[PDB]
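S.K.: Curious how this folds, go ahead:
(chains A, B, C, D, E, F, G, H and I, ligands or ions: 97)
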Amino acid sequence: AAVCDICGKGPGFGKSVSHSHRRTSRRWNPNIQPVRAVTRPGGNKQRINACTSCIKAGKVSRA
Amino acid sequence: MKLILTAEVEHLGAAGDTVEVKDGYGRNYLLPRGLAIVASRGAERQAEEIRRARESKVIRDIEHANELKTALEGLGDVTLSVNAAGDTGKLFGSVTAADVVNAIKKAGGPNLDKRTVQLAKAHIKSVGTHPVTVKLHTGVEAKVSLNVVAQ
RNA sequence: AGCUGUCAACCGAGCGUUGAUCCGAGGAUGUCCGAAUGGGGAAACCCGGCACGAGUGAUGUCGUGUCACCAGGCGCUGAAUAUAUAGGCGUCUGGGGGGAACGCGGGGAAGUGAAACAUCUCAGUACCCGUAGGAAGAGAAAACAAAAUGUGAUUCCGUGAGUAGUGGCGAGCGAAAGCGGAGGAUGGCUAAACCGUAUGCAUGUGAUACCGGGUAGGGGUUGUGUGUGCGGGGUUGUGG
RNA sequence: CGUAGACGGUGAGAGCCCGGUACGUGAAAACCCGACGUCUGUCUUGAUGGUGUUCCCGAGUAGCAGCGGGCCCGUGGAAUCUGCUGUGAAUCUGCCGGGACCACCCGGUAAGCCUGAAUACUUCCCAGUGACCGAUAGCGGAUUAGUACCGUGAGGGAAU
RNA sequence: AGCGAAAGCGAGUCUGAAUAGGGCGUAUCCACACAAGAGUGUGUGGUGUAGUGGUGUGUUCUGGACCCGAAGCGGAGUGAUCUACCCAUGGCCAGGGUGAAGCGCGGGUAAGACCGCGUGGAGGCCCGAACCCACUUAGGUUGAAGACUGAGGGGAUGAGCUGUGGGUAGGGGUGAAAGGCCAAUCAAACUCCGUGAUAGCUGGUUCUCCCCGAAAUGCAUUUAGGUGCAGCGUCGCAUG
RNA sequence: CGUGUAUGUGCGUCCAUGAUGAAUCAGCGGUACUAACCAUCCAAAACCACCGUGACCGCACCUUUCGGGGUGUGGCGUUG
RNA sequence: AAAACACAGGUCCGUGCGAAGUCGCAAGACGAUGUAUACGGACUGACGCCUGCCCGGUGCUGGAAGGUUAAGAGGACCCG
RNA sequence: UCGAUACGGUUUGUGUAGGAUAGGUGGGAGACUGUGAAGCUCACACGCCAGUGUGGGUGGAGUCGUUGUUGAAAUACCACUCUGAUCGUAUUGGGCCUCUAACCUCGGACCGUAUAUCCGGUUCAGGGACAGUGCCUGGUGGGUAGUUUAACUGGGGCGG
RNA sequence: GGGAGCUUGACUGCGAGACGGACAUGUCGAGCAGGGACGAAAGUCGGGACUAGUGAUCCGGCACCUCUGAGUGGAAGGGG
Ligand SMILES: [Mg+2]
Ligand SMILES: [Mg+2]
Ligand SMILES: [Mg+2]
Ligand SMILES: [Mg+2]
Ligand SMILES: [Mg+2]
Ligand SMILES: [Mg+2]
Ligand SMILES: [Mg+2]
Ligand SMILES: [Mg+2]
Ligand SMILES: [Mg+2]
Ligand SMILES: [Mg+2]
Ligand SMILES: [Mg+2]
Ligand SMILES: [Mg+2]
Ligand SMILES: [Mg+2]
Ligand SMILES: [Mg+2]
Ligand SMILES: [Mg+2]
Ligand SMILES: [Mg+2]
Ligand SMILES: [Mg+2]
Ligand SMILES: [Mg+2]
Ligand SMILES: [Mg+2]
Ligand SMILES: [Mg+2]
Ligand SMILES: [Mg+2]
Ligand SMILES: [Mg+2]
Ligand SMILES: [Mg+2]
Ligand SMILES: [Mg+2]
Ligand SMILES: [Mg+2]
Ligand SMILES: [Mg+2]
Ligand SMILES: [Mg+2]
Ligand SMILES: [Mg+2]
Ligand SMILES: [Mg+2]
Ligand SMILES: [Mg+2]
Ligand SMILES: [Mg+2]
Ligand SMILES: [Mg+2]
Ligand SMILES: [Mg+2]
Ligand SMILES: [Mg+2]
Ligand SMILES: [Mg+2]
Ligand SMILES: [Mg+2]
Ligand SMILES: [Mg+2]
Ligand SMILES: [Mg+2]
Ligand SMILES: [Mg+2]
Ligand SMILES: [Mg+2]
Ligand SMILES: [Mg+2]
Ligand SMILES: [Mg+2]
Ligand SMILES: [Mg+2]
Ligand SMILES: [Mg+2]
Ligand SMILES: [Mg+2]
Ligand SMILES: [Mg+2]
Ligand SMILES: [Mg+2]
Ligand SMILES: [Mg+2]
Ligand SMILES: [Mg+2]
Ligand SMILES: [Mg+2]
Ligand SMILES: [Mg+2]
Ligand SMILES: [Mg+2]
Ligand SMILES: [Mg+2]
Ligand SMILES: [Mg+2]
Ligand SMILES: [Mg+2]
Ligand SMILES: [Mg+2]
Ligand SMILES: [Mg+2]
Ligand SMILES: [Mg+2]
Ligand SMILES: [Mg+2]
Ligand SMILES: [Mg+2]
Ligand SMILES: [Mg+2]
Ligand SMILES: [Mg+2]
Ligand SMILES: [Mg+2]
Ligand SMILES: [Mg+2]
Ligand SMILES: [Mg+2]
Ligand SMILES: [Mg+2]
Ligand SMILES: [Mg+2]
Ligand SMILES: [Mg+2]
Ligand SMILES: [Mg+2]
Ligand SMILES: [Mg+2]
Ligand SMILES: [Mg+2]
Ligand SMILES: [Mg+2]
Ligand SMILES: [Mg+2]
Ligand SMILES: [Mg+2]
Ligand SMILES: [Mg+2]
Ligand SMILES: [Mg+2]
Ligand SMILES: [Mg+2]
Ligand SMILES: [Mg+2]
Ligand SMILES: [Mg+2]
Ligand SMILES: [Mg+2]
Ligand SMILES: [Mg+2]
Ligand SMILES: [Mg+2]
Ligand SMILES: [Mg+2]
Ligand SMILES: [Mg+2]
Ligand SMILES: [Mg+2]
Ligand SMILES: [Mg+2]
Ligand SMILES: [Mg+2]
Ligand SMILES: [Mg+2]
Ligand SMILES: [Mg+2]
Ligand SMILES: [Mg+2]
Ligand SMILES: [Mg+2]
Ligand SMILES: [Mg+2]
Ligand SMILES: [Mg+2]
Ligand SMILES: [Mg+2]
Ligand SMILES: [Mg+2]
Ligand SMILES: [Mg+2]
Ligand SMILES: [Zn+2]
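M.R.: Numbers count the residues shown, from 1 in each chain, chains lettered A, B, ... in the order given. Ligands and ions are numbered 1, 2, ... in the order given. See the structure here:
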């Protein structure tokens, strides 16, 4: 669960650095949540993964 | 976000009023249910909420009320206005559910919802008289003979 | 004017001024496997459907087509379930695999060096992944510069310069501005505001409505509001 | 003889023996180039500089913060660029940059898109060249060469 | 053109309160003066100052860097046809003993217990071939064989042996556990690549003659068989 | 295992023959998924009484009289 | 080839159920088409008689009146 | 339920020179009755209980001032007000019991679907703003990984 | 070496010339000037009869200064 189904926002890769400056590779993952949204006004619901940015911007209608 | 109410909500506000609220309503309770709306343009959203208050409060129905409305719409031929040339009598567009709910308000009179008119199974787009079914409850059903005139 | 590729000759036959062998161009045929795609499979071998012919006294048998999966257009239908959708049927058009290097975007070591080692180095290297093109990427200022009435998109090359810096200030790493050049296209087009239109969704005041106006008459771009598409109109920094 | 004395071959060092060389000539068809027309599109129911305000100028963006990446710059006083997360504006007496920051000045006009040339490379084809090798050399491979052979396999791999 | 951390000043400059000493700088030499013999200074004249760019040689820096050599580290792959364990579906186990429960009869018992007799055919039962192992010993020990052979030896209806097909993969698998086994290799398989890994360690480094000619000590050292600097060799220049 | 041909019995589509099980008209008796209804399990909001306070204090009050502390009832009040 | 491993028997601990445990980044799988008389882990090792003391140390489990402690909220006061 | 804010109305000040339980005030010759105050009845307010402001039940038609002492006068009135015992509104936190609508269920049914213990959907039944998951954050952490763990020395170690 | 008086030279700017030295360290020093102490003056005084009582560089703190200040003025930061 680290790709948005709407905008394709995937993880990023960086380093976690300790106090001894001991860097290791890790991921910044997107905040994608399991949304269950409607494409029609009527209200038939299909389950997708949407990052919270897309939920906030109202790109998915969870009617 | 900030919305405009179309209905009354207890401990929130009155219908037609512009109310600021958390995004829980504008995502999970109010916006799906239609008892509010996104407030876009002031006159626009005010008119939309007030107007929808008028239609919703009139498209309400009950079971005996539904039987009464079926008796009301057991009337005659319902005339409609959609473009179609007499060259082949072929209707280019798809005669929308609004075009039939308004059509029966013009012909007979009773008001109703586009939800209840079974448009997909009419086999539209031939010129002449055609039958369309309408359903309000589990059992009640009304048959409407709808036609068009030449253009 | 000789030819029947060659090792690689011997036999046996033939062709050639009526232009062969040979060379260049365009075509035809092109078994089976292979992305391999009718189904299956231990690659090159096993088993079919349908259509049109062939052949048999009939089955058997043969020939040629066609039949994968996905993605997108268009048409038909619309489960649970009413709106409907998911799906299903048909008809098209593409995709798939390969490739030495060069490109771009990602993931990313260790040996080693530091006379040990962990920051650091090695090195964003090796390798991996996704994708190209004949090149790519970049590209038309929300830039530099420094008080000069200065440059003017990008890319690349030389310097600046092993400098300023940076660094367990260790081993090490290391610019840019400016300046000289190759090239030229200091190249183009939209969005928005307004105007017109068409359509969709909530609506009629169902009536004095919109229309550039005066006159007269009819009396609905539904009056309206909004969203979308299309067309004008705009395309900027002394702001336009 | 020479606009040909490049280079090979021929029974040993050949300009005049052969193929050629200098120099000219040649394409039916296919393909790559230009050029002239059909064709395609646009511009002209129309131009120009003035005089004074309202609207517009790319929004879940900029900026801000947390944790990172990258810049000469290893977190440093650390700007510029950038990812994930949270918060989150204005439309020009705006907003961004000029190495924390502030004021003034100057430069520019982000969150829309296209774009040739100068630059990198060679699987393959053509033509050449070498104070390059000359059969333990040069390609692993002048000859059965990725062959024989070795390995279950990735793979290794001759000699003549 | 230098001095200064720098602003800066400039044959000067820095420090400093100092025409008061010192630092660095004013090519170099000559003379004549003026001051002290505390090592010479100061000043007036004179002379006037040498760099740079090709290229040969020596040494050096960055590169595999004079050549050869590890055990091992990393990336991506290949292997369960040997072996370890498991999964499906099959086959095999000469011959002979023993004699469990259960059942039946009798005795004995208030009734039991139990015993004797029979039928009965149990069992990780017994002896022992095929088959599977591998305890002892002798031979082999440039073998017949990269683990055998001879003579004996344990199991041999079972936690048995075995065929065919299949599954588990490398910091992983599997293990009735020995760090065993995972293709004659296992305290981390093999192949290719990083890669010409790195080795203060060992080895090797190819023609001649002429002149000169050491050291094996001091100091410091994550140092003690390594290195830096001194000492000690050679060549060039200066002095003599 | 298929296949074709010719003949034989020979059931049959049609006739016809049987078997046939019904329904409507209307007289009805319960069998009904449909209120209201009853029994069952649980507690909606709820008092009483016994017994304590989670802490404060008025306490039968005790310990070198009072050092510290504390067995035990009560009211404010409830871990109740 | 053993005295070592295994073993039938013993106890302790975990697990209320796509359990716990394990393989996976996840999905999913085994556990198990099992359900505490079951499953996993640890030690012991047929049978018979038994298994003393120590809870200070270190783990495990449980508890909370206090002391201490991150990010996050706060922004008094100070500086440009 | 408690806390922080802004706003409204009661309400407060032991003092001695005294007709003073002397809030800091700007305006102060004139404000308070029968919309029933005086003086009686109680509570609200405190009480260092020395004494005073509100109501109606009674009550009858007034009390007051630079009055004079009193630093500061009315304690007769409008507008500003710290100390306090207070309620309410607007706003925002901490907690609590909840609700369902996000989200969740390997609980049932039905459908795509001839075939299906996948998957998706629809719907009933349950949880429920918790859990899970992003981001930030403190713990535990040989489960794993990379590494370090001096030299001299009559061999090395142990000692020094 | 013992005793008393006064007092801070347990100074600031420097330093001819040297000892010792792989280097880095280290050690002595007359004399000049400022401003002082003691002494009538001569003069002595840059800690202690002498030789131990110490730790390079990096990095950072603090006080002072007339240095710098990334367009400019400040600041931050750097510098002495
Ligand atoms: Mg996905
Ligand atoms: Mg990175
Ligand atoms: Mg590293
Ligand atoms: Mg939000
Ligand atoms: Mg030909
Ligand atoms: Mg051809
Ligand atoms: Mg095929
Ligand atoms: Mg296939
Ligand atoms: Mg399709
Ligand atoms: Mg339908
Ligand atoms: Mg491709
Ligand atoms: Mg490393
Ligand atoms: Mg090293
Ligand atoms: Mg080394
Ligand atoms: Mg090019
Ligand atoms: Mg391009
Ligand atoms: Mg450069
Ligand atoms: Mg680097
Ligand atoms: Mg337009
Ligand atoms: Mg347009
Ligand atoms: Mg301008
Ligand atoms: Mg020649
Ligand atoms: Mg813009
Ligand atoms: Mg960085
Ligand atoms: Mg930075
Ligand atoms: Mg582009
Ligand atoms: Mg060779
Ligand atoms: Mg030879
Ligand atoms: Mg070879
Ligand atoms: Mg082979
Ligand atoms: Mg200098
Ligand atoms: Mg000094
Ligand atoms: Mg001087
Ligand atoms: Mg010269
Ligand atoms: Mg030279
Ligand atoms: Mg390896
Ligand atoms: Mg394999
Ligand atoms: Mg028996
Ligand atoms: Mg018996
Ligand atoms: Mg046995
Ligand atoms: Mg035995
Ligand atoms: Mg036996
Ligand atoms: Mg025997
Ligand atoms: Mg035997
Ligand atoms: Mg064995
Ligand atoms: Mg033995
Ligand atoms: Mg022998
Ligand atoms: Mg023999
Ligand atoms: Mg033997
Ligand atoms: Mg034997
Ligand atoms: Mg078997
Ligand atoms: Mg297999
Ligand atoms: Mg193992
Ligand atoms: Mg092998
Ligand atoms: Mg082996
Ligand atoms: Mg390994
Ligand atoms: Mg290893
Ligand atoms: Mg390397
Ligand atoms: Mg080497
Ligand atoms: Mg000699
Ligand atoms: Mg030396
Ligand atoms: Mg020398
Ligand atoms: Mg044994
Ligand atoms: Mg043995
Ligand atoms: Mg053992
Ligand atoms: Mg047990
Ligand atoms: Mg235990
Ligand atoms: Mg689990
Ligand atoms: Mg238990
Ligand atoms: Mg034991
Ligand atoms: Mg025991
Ligand atoms: Mg015990
Ligand atoms: Mg004990
Ligand atoms: Mg204990
Ligand atoms: Mg304990
Ligand atoms: Mg304890
Ligand atoms: Mg605990
Ligand atoms: Mg904060
Ligand atoms: Mg949550
Ligand atoms: Mg969380
Ligand atoms: Mg650990
Ligand atoms: Mg370890
Ligand atoms: Mg290492
Ligand atoms: Mg050592
Ligand atoms: Mg030693
Ligand atoms: Mg010794
Ligand atoms: Mg000895
Ligand atoms: Mg003395
Ligand atoms: Mg001192
Ligand atoms: Mg000196
Ligand atoms: Mg003096
Ligand atoms: Mg002196
Ligand atoms: Mg250092
Ligand atoms: Mg600046
Ligand atoms: Mg400045
Ligand atoms: Mg400063
Ligand atoms: Zn998204």
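S.K.: Run a quick neighbour tally on residue B:46.
M.R.: Number of residues near residue B:46 (other CB atoms under 10 Å in any protein chain shown) recorded here: 15. Placement of C-beta: from N, CA and C, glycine included.
S.K.: Phi, psi for it please.
M.R.: Per-residue torsions, residue B:46: phi -60, psi -50 (degrees, to the nearest 10).
S.K.: OK, contacts around it?
M.R.: Residue B:46 sits next to B:4, B:16, B:18 when contact means CB atoms under 8 Å, 6 or more residues apart in numbering or on different chains.
S.K.: Most neighbours among the residues you listed, please name it.
M.R.: The residue in the contacts of residue B:46 with the most neighbours, by other CB under 10 Å, is residue B:4 (22 neighbours).
S.K.: Identify the residues contacting the helix or strand where that residue lies?
M.R.: Element membership for residue B:4 (DSSP states H and E) is strand B:2-5. Contact with strand B:2-5 is made by B:12-21, B:25-26, B:30-31, B:35-39, B:45-46, B:48-49, as judged by CB under 8 Å, 6+ apart.
S.K.: got the buried residues for it?
M.R.: B:3-5 (16 or more other CB atoms under 10 Å in any protein chain shown).
S.K.: Reformat those residues as CSV; add distance to residue B:94.
M.R.: Formatted as CSV, the buried residues of strand B:2-5 follow (distance: CB to CB, whole Å):
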residue, distance to residue B:94
B:3, 32
B:4, 31
B:5, 33
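S.K.: Show me which of these is closest to chain A.
M.R.: Proximity of the buried residues of strand B:2-5 to chain A (CB to the nearest CB) peaks at residue B:3, which lies at 12.4 Å.
S.K.: contacting residues around the nearest residue to the closest one once chain neighbours are set aside?
M.R.: Leaving aside its chain neighbours, residue B:3 sits nearest to residue B:36 (4.3 Å; criterion: CB to CB, 6 or more residues apart in numbering or on different chains). Contacts of residue B:36 were listed using CB under 8 Å, 6+ apart, and they are B:3-7, B:9, B:19, B:25-26, B:30.
S.K.: Tell me the one among those residues nearest to residue B:85.
M.R.: Closest approach to residue B:85 among the contacts of residue B:36 (CB to CB): residue B:6, at 40.7 Å.
S.K.: picking up where we left off before, columns distance to RNA strand H on top of the buried residues of strand B:2-5, output as JSON lines?
M.R.: JSON lines is the format used below for the buried residues of strand B:2-5 (distance: CB to the nearest atom of the strand, whole Å):
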{"residue": "B:3", "distance to RNA strand H": "13"}
{"residue": "B:4", "distance to RNA strand H": "17"}
{"residue": "B:5", "distance to RNA strand H": "14"}
